[PDB]
Amino acid sequence: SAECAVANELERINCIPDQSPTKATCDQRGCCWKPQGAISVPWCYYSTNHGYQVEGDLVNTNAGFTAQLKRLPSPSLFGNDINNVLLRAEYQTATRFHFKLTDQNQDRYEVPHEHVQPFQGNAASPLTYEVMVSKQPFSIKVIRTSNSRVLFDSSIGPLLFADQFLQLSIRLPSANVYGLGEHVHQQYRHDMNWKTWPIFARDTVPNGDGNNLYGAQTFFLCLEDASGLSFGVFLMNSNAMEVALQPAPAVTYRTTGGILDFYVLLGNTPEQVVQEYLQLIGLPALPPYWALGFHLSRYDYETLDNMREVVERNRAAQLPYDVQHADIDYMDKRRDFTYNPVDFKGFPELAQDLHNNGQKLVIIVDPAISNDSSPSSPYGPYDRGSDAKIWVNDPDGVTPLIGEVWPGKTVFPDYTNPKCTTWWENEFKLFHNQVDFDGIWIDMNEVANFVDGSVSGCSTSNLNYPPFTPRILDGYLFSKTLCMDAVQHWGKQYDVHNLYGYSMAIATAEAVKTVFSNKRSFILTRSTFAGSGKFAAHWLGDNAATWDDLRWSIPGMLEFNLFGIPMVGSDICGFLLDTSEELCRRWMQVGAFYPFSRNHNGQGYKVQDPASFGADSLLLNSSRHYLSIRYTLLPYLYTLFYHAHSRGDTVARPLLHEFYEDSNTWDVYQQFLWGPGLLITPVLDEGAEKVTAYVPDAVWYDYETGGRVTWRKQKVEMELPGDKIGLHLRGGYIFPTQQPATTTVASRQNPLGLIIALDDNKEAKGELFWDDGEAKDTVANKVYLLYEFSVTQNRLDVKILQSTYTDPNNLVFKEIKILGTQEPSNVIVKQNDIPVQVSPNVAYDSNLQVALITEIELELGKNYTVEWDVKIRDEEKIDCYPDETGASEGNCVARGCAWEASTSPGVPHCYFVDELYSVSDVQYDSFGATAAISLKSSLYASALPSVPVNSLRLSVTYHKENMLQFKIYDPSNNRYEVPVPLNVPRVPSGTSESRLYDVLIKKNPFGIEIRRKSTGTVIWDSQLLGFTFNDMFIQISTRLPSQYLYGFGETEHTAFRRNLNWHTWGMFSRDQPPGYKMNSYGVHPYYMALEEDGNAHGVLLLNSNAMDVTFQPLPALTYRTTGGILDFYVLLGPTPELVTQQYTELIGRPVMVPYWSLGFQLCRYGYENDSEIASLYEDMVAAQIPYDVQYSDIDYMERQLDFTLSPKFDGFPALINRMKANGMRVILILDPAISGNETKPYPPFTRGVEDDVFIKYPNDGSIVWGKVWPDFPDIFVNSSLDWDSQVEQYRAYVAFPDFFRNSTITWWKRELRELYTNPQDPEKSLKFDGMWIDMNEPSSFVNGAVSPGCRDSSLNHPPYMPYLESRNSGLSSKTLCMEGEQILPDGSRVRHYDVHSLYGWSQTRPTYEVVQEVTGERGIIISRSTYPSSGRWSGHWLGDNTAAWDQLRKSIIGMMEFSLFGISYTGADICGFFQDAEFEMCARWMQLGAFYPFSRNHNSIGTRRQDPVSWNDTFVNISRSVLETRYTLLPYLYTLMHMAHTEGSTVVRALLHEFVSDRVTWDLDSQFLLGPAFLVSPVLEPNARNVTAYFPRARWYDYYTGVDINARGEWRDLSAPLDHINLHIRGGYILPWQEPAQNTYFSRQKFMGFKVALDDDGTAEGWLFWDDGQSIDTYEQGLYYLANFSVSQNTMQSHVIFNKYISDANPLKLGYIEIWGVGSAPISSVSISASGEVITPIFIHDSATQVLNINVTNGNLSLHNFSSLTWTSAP
Ligand SMILES: C[C@H]1O[C@H](O[C@H]2[C@H](O)[C@@H](O)[C@@H](O[C@H]3[C@H](O)[C@@H](O)[C@@H](O[C@H]4[C@H](O)[C@@H](O)[C@H](O)O[C@@H]4CO)O[C@@H]3CO)O[C@@H]2CO)[C@H](O)[C@@H](O)[C@@H]1N[C@H]1C=C(CO)[C@@H](O)[C@H](O)[C@H]1O
Ligand SMILES: *[C@@H]1O[C@H](CO[C@@H]2O[C@@H](C)[C@@H](O)[C@@H](O)[C@@H]2O)[C@@H](O[C@@H]2O[C@H](CO)[C@@H](O)[C@H](O)[C@H]2NC(C)=O)[C@H](O)[C@H]1NC(C)=O
Ligand SMILES: *[C@@H]1O[C@H](CO[C@@H]2O[C@@H](C)[C@@H](O)[C@@H](O)[C@@H]2O)[C@@H](O[C@@H]2O[C@H](CO)[C@@H](O)[C@H](O)[C@H]2NC(C)=O)[C@H](O)[C@H]1NC(C)=O
Ligand SMILES: *[C@@H]1O[C@H](CO)[C@@H](O[C@@H]2O[C@H](CO)[C@@H](O)[C@H](O)[C@H]2NC(C)=O)[C@H](O)[C@H]1NC(C)=O
Ligand SMILES: *[C@@H]1O[C@H](CO)[C@@H](O[C@@H]2O[C@H](CO)[C@@H](O)[C@H](O)[C@H]2NC(C)=O)[C@H](O)[C@H]1NC(C)=O
Ligand SMILES: *[C@@H]1O[C@H](CO)[C@@H](O[C@@H]2O[C@H](CO)[C@@H](O)[C@H](O)[C@H]2NC(C)=O)[C@H](O)[C@H]1NC(C)=O
Ligand SMILES: *[C@@H]1O[C@H](CO)[C@@H](O[C@@H]2O[C@H](CO)[C@@H](O)[C@H](O)[C@H]2NC(C)=O)[C@H](O)[C@H]1NC(C)=O
Ligand SMILES: *[C@@H]1O[C@H](CO)[C@@H](O)[C@H](O)[C@H]1NC(C)=O
Ligand SMILES: *[C@@H]1O[C@H](CO)[C@@H](O)[C@H](O)[C@H]1NC(C)=O
């Protein structure tokens, strides 16, 4: 039916909570029966026929509205249903709603709360909430206006309102619910899974059976979401009740009487909700200072002497101890207001003894008074009480009810009776006159009774046996308490039971006012109600000495802070059972940080006071150590109690109250805070020396050392030995301290101190409340000191806010401890701006960054300012004067910098001390962060090179889970941005949950911090001095995550890893032969860094302007650019390979090369004619040395003029065609510069002056003329002139095309199309297969332009010249003018000054496109000048090397660096370009060079021939051998290129890419990998016939023998004769290979094979990519073969991923399979499964070498038909 229509089984409200459900009761109650459901879900639920309806409308009133409600016709559940109910709502405050539901005709019981008085005000306006009332069925709804969230919804279930049964169900916005009490909940956040909690005060042990305990708390807090927005609910009802939780989420209150009186409290944070609640029920009492000390107690010390012995022992141990408790043993026969005259003779003297030692006495007092009084043995308390008629009475209202407790048969005082309060006061006065005690411990105030009801039992009434009972222990209300019909002043026990303890605390608080003189005392109670914390402290009851109770103590303590009873703790070491030393040790450690810290032992158990465990025990030493820490921090703790008392803050706090933005804190219950500042992490498990703890997102300092921890927003395993607890100070807070003593009396006479814990912005704040520590109402009477402390910019402000109290002890602040600071210097103290004559001492620990300032005397009660300067250590110094000339003390100071002529090499004399920019408007959004940066120091910014930029914007974008961008730019003016397109997501995906990183914007100074979320490692930190942003000078610095950095180019690095020891490297494209600290052909502002744990990241700066980078040993890196904006991209890894795959995804994946380009190549600068190339070709073929590509340098051209053919090369076209017919490929070189001095028709220049393609001067529009290769026509070029004379007399004037321009692109494609197919003579055509574009830096042999020269000196000689080669010659050195103008594709004008380093990049793509068009095949481009994204279309060679021995290792470093740059096709000129080759060097270089991806032997003009057929037959044999090896491996190499192209894997690989765990590989650059599996270990030294190589922890097989050298993690010297190169295959890999031939054309027709290298587990994996090796976009158009191959359990399987290339019509023939590491057992049989056929191949197994060779050449097997191969061993 539609009545039973409950959408969701989780929204069912249990209709039969009182018994097991049957369809019979569900039918009588008119509900809905459905036994379909999960566990714990109701089967009988309420219909919609149950509830009330609004009659009429909502009549409005002065405070809110009133509504009349009539009951809907439904069956009665428990009888006596109230038909007419009145709703009275009130808008008391902007953040406090109150509504009440009561009977309309009769008056019912309402809680007489002492603090909460009837509201008489009018409705508040505006409100932060809205209230909605539904008419039928009736429901109330409270909605937060700011976000329209429903906080409180009563529609989920019906309103039930009967005489002895009331119910209201509320749907909640979230499942984050806290509170409800008193119970052992076991966890802090509630389990909303069908759990019911009874609330009815009862004397019973807390044990985790979900029973009701000593108090009654109905308040709960709910955290809406991670904004902090929170609300609370409070029900003012004292009757017996239960609260049921359901997973909707919803809360149901079920009570046995009274009214429904609700308060809804709103707050922006959890703490504000608590504050609102406490302001309504009553703010907690401020305890006496001595009560914050440590307390000792036992039930049954037996005699006074035993008690004294305990006192003396603990004193002798010098344990911090201030209060002794006396339990019922001190009394006479367990009677109150008495002491035993025999066993406790001298009790008053004990009190005096404690006082003479600065200790206090707390005595116990029970509510029950012995009724045993006779004339012969009078008992005064009873007689006086009976005379006053102040007892709880039987139902007749006259006869005192008789119960039983400790003294036997007892009467119970009625504390709700005012006469009782007077009696109570008087009794305390008479006993205080006998024994001078300091505080009162009230117990058994539930009220407890050893019998049920009374000695005579309870009557059969509906009060003692109500129709509904709330799941209370034992199932009757009058169990171990009084009869429910018992009569008190406030009402029947049925209504006021839960108020008994509350009422007694009130009466006791009144007594204290009279007995103690103007002294706030201390009241400790067990039974509590809402508002009890205004009078008394609370303890969590009779726990047991178990690890569970230790664990449960923390959530209990946290809840009571919510309830407004912050002075709370559990019995340390357990009340019941004997404690172990370990348990008591780990409890004393955490117990030291309970707000109420007391050790309390039960009767008949082993002693457990700390000194009992022995004077040298670890427990005693540990207890003394952490109790001393507690005493040091009492001023801090006391101030927290002040905030609790004055405002309603929580003292012991949950982590979600401070860090609610992290959902990893919403359920933390094994850690807690004191206030906002002190994190406590205990060990709560037996035998544990480690804990898993959450460290929230803040700066944290180890309390004991003062050092900063590296944890932040991460789960950590904390090492906490038996004597250690986790204590951490939060940054941004100041902690008042006092030198500790054994008592609070003694400590308060000692000097004060400050701990200043600095945050990210280098700031902190604190407070200090200080009074007499004892007097009453010291806050309302305003007799106190209040200080506010603040630190900013190295200045401490000590400000008094209140000063009406004077301390008699002349206290002073003597020490200031600063955490997270640099060494303070020149400390100055002022008192109201007047200098104090003092010379403070500073002790500093540089390792911990902790400073101690002593010999200061800041008198308590006065205002002070303390200022200091900071000293910068040499390692943290940043060059303030990196300029080329003008360094001096004078010019340094003019920049606002500091000068120090230190001697340490590398350290700068002039360094920054101040910041130029400030940060503001820091906003953190879901997909990024933004901030405004504003110039503060205009004068000093203007002393640095170039004009400052005033306004800057910082934009952080979270692109992906592993990639982010941060940009700093000028929002007011468009500045140059690099026009190189990058690949970023269209919509951000760096979702907070998935992303691998966090970003933080810091102040003082401005800095961006990026952290790896998983380990908390900071990979980028710009919080260094030096940030400058001028028009032509921008500086930025970062701290490095370690000392391992790789990248930056292009230059000749000494090693693969950078030397971070004061070294500067310039970047600006230049024609410079590679050298030390010299800028070369390309620019790659990219680096990869290794973190100390082996995680890796990468950083790109997208800037093309001239720049340099500096490395300091901090470690730190600084970037200094001459223009542009700051545009950084960060890749998160975490692996070196994943970083490169991420980097290449951003900048573009490497180009797929043609198969023939992987063959060996020959070139020489200085071929005399076409016949010399023909002779070399024939000789190579004759010698059978494989080679695929022949090149020609600028010799085939007429006078080096581009797009011409020299007469000496008239036969070159025919030769090209002949070579091609035999399978050879030709690459030609093209230069960019075009001659303007031709007398005969020269189409290139004429058609380019017509199209306007050349770079011209900014405004006039003349061509910027340079000089490069073309000679003048009709002159005689003597070859005996020097280089300088030839450039001045023989070189023609040349014009440089602008390759950014559309017209230039069109003109360049036409010239190349006509070079391929000559439009005039169709015979002078040159049918090339690829192009070599050289001299594109652009390079000129003059500086700037032909003389007269350049024009704008401002751009050619810039304000800041980076550390470039020929630094004094300017940016125009060996290049074009910087004023030259270029035009982007969209028409925008740019200066050569901005785009110089993009010149080669801009030429590359057009060249690539035209080659693919004229040849119809993919082709290959090789450029000298490269920029990030250049590898998408071209390869790169490492430039003009020299024939020298050091150049072979430099080649290995260059190839590994270009692999990180995303250029896979690279190599060096084999045998050197400059100087004559030597035989041995050339032989070894041939062996190394055979494993370059780009493997070319190239030589300069003038030198001896260095090609393989130029030496002797020994060389021919070495060359042939190694090159045959190369051609065998081409399928493997080709597959690697495919993987680079498609996935962004690296081809040439440093060992650290595959073995990052071994730190030995972090410095290796003399060996390398091809892909993951092939290790190359060359000889790079002369005369050597051996090589020392490292073998990472893996199985490594000798390539030539198949035998595994056993070297796992070891160095090994390997034999390396002149005709040998050491090659090794890693186990676990399958390598495809093919039989070598003269060139790739013939080789591809031969048989293909597999080398299968098994790992230790006998497994291997590998890949094969195969296509036609030359067509365009074979993978994109789907004409290829791709397969993976695997071996396990002696079976090799083929898994074809894709195949539309290899077929029966086009077979790839499989011939050979070699399996290595098959074991020593003989191989009996080998079988191949192919095309549903079994082929038995020919096989040979060598048991000694463990190599199995399988030959399948006879079976005509094409690879696409191969399924699996299986081999079986001899048993
Ligand atoms: C001192 C104490 O005296 C009275 O308590 C009695 C109680 O009435 C008995 O029920 C009995 O307690 C047993 C528990 O009921 C029973 O469950 C079992 O408890 C287990 C728990 O279930 C386990 O979970 C826990 O791990 O271990 C305990 C025991 O190991 O066994 C209990 C027997 O130990 O005995 C106790 C006495 O031990 C009285 O009712 C209590 O209120 C009273 N405590 C207050 C009085 C005094 C004396 O001045 C103060 O010192 C205390 O601080 C007060 O709280
Ligand atoms: C093609 O050129 C070769 C080589 O030229 C010589 O070496 C050049 C670097 C340069 O110095 C030239 O002036 C040289 O002539 C020519 O072969 C040489 O021919 C001369 C006779 O003219 C002979 O004495 C040399 O031994 C030859 N050198 C070699 C290395 O073989 C050749 O004649 C030219 N071919 C044509 C068709 O002109
Ligand atoms: C590997 O070589 C070392 C070094 O050999 C010398 O240096 C080479 C670069 C080359 O110039 C060789 O001709 C040199 O002999 C061997 O160690 C030397 O062995 C000789 C022979 O007794 C001895 O006299 C030298 O003092 C050694 N020098 C050094 C530097 O150790 C080494 O034995 C070879 N490794 C193995 C295991 O064969
Ligand atoms: C203490 O209280 C008890 C209970 O009220 C009193 O004892 C009862 O006294 C009557 C006679 O008046 C006896 O018949 C009962 O047997 C007693 N009760 C029980 C349960 O045994 C006792 O008089 C009181 N003591 C005083 C007032 O000194
Ligand atoms: C090929 O040339 C090499 C180097 O010119 C010759 O090897 C050298 O021979 C001399 C003796 O004639 C030895 O003293 C050197 O140590 C050798 N140098 C090496 C090995 O690099 C080699 O003999 C020649 N082979 C021939 C002529 O076929
Ligand atoms: C080799 O290729 C096969 C497909 O032929 C890959 O198989 C898939 O592997 C993923 C996990 O990586 C599984 O979720 C898929 O179900 C697999 N598909 C099939 C068809 O089995 C395999 O991962 C590749 N790697 C190797 C060497 O086995
Ligand atoms: C692989 O097996 C083939 C047979 O299918 C072998 O080929 C023969 O080799 C012998 C010895 O050189 C020659 O006499 C025959 O003329 C070869 N026949 C063919 C079909 O070429 C081949 O030698 C084996 N390869 C290896 C390395 O063992
Ligand atoms: C080339 O230069 C040499 C060296 O000075 C000179 O002797 C010779 O005559 C020149 N050749 C010419 C100009 O024919
Ligand atoms: C070179 O190899 C050939 C062919 O194996 C061999 O005959 C010759 O002896 C080897 N040595 C030299 C120096 O020619």
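Cut-off values and rules
Residues numbered from 1 in each chain as written, not as in the entry; some residues may be left out. Chains lettered and ligands numbered in written order. Heavy atoms only, no water. UniProt positions renumbered as here; feature names shortened; annotations may be inferred. Pairing = 2+ DSSP bridges. Helix = DSSP H or I, 4+ residues; strand = E, 2+ residues; numbered from the N terminus. Axes fitted to C-alpha atoms, helices over the stretch in contact; angles between N-to-C directions. Contact = heavy atoms within 4.5 Å. Near = heavy atom within 4 Å. Polar contact = N/O pair within 3.5 Å; in protein donor to acceptor, adjacent residues only side chain to side chain. Areas by Shrake-Rupley, 256 points an atom, 1.4 Å probe, with all protein chains shown as cover.

- Its PDB header attributes the entry to cryo-EM and lists the resolution as 2.77 Å.

- In the annotation of the PDB entry, the protein is listed under the name Maltase-glucoamylase and assigned to Sus scrofa domesticus.
- Recorded in the entry header as its title is "The cryo-EM structure of porcine serum MGAM bound with Acarviosyl-maltotriose".
- In its Sequence similarities (unreviewed entry) section, the UniProt record describing the protein reads: "Belongs to the glycosyl hydrolase 31 family."
- Looking at the protein in UniProt, the text filed under Subcellular location (unreviewed entry) is "Apical cell membrane".

A word on the sheet that holds strand β5 (residues 84-93)
- Ordered in space as β3-β4-β5-β6-β18-β15-β14-β12, the 8 strands form an open sheet in which the pairing is antiparallel. Each of the sheet's edge strands pairs with one partner strand only, and the pair in question is β3 (52-60) and β12 (177-181). Mean inter-strand twist for the sheet, computed between neighbouring axes without regard to direction, equals 15 degrees.
- Taken together, the 8 bridges between β5 and strand β6 (residues 96-103) define a ladder with antiparallel strand orientation. Residue pairing for β6: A89 is matched across the bridge by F99.

Some remarks on the sheet that holds strand β79 (residues 1496-1497)
- Spatially, 8 strands are ordered β78-β77-β76-β73-β70-β69-β68-β79 in an open sheet, and the strand pairing comes out parallel. Strands at the two margins of the open sheet, each flanked by one partner only, are β78 (1466-1467) and β79.
- Summarising the sheet, strand β77 (residues 1435-1437) and β78 pair through 2 bridges and their orientation is parallel. By the bridge assignment for β78, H1436 is matched with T1466.
- Packed onto the sheet, helix α18 (residues 1212-1221) meets β69 (1189-1192) and β70 (1225-1230) and runs at close to 140 degrees relative to β70.

Things to note about the site of ligand 9
- Around ligand 9, the neighbouring residues are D1513, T1514 and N1517.
- In the model, an oxygen atom of ligand 9 is placed 2.3 Å from a nitrogen or oxygen of the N1517 side chain.
- The fraction of the free accessible surface of ligand 9 (360 Å²) that becomes covered by protein chains is 30%.

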